[PDB]
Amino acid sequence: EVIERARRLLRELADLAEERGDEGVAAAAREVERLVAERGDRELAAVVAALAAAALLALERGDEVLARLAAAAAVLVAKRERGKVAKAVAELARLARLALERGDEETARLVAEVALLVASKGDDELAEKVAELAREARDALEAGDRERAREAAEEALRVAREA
C-alpha cells in the first residue's frame, strides 16, 4: 500500500511535470517509480512518497527550486546514492538555500537544475566537477558577489547538461 501510494504520487508528478514542460523532473519521477518498484521497500517507499508529494505540491505552485530539489532527493534515495554524487547534491542543496536567503532566485533555480541532473546521471567525475563549481559559487554568495555566483552556477549547468 505504501509502495502503491508512492508510485501513485510519482505518476502525478510525471504527469504534472510533462504538462508544465519540466521534462527533467518527469524523467526523474519515472525513473524513481521504477526504482521503488524493483526495491520493494516499505520504508524507502514512504520516504519517496513524502519527497514526491513535496515535488508535486511545489510544481503545482510553480516552485521549480523546491520541485527539482525534492525530485533530486527522491533520485538520491531511490538510487541509494551514497557517495560523491550524494555529497555533491547535498552541497548544491546547501548552496541553493544560501541563494534563497540571499534573495538570489536566479542561481537558486540554476542550482536546483544542476542537483537534479547530477542526481539522475550519478557519475562521480561529474559530481566532483560540479562540487568544485558549487564551492566557488558558495563563496561568491557569502561575499555578496551575486554575479560570479550565477556564472559558477551556469557553468555547473552546462557541464551537467553535456554529461
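One rule holds for the numbers: they count along the sequence shown, beginning at 1.
- For the two regions 37-45 and 60-68, the entry's Cα B-factors average higher over 37-45.
- Ranked by C-alpha B-factor against the other modelled residues of its chain, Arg94 falls in the middle third.
- Per-chain ranking of the deposited C-alpha B factor places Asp145 in the highest third.
- Ranked within its chain, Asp15 lands in the middle third, by CA B factor from the PDB record.
- Sorting the modelled residues of the chain by their CA temperature factor places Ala6 in the lowest third.
- Among all modelled residues in its chain, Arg135 ranks in the highest third by Cα B-factor.
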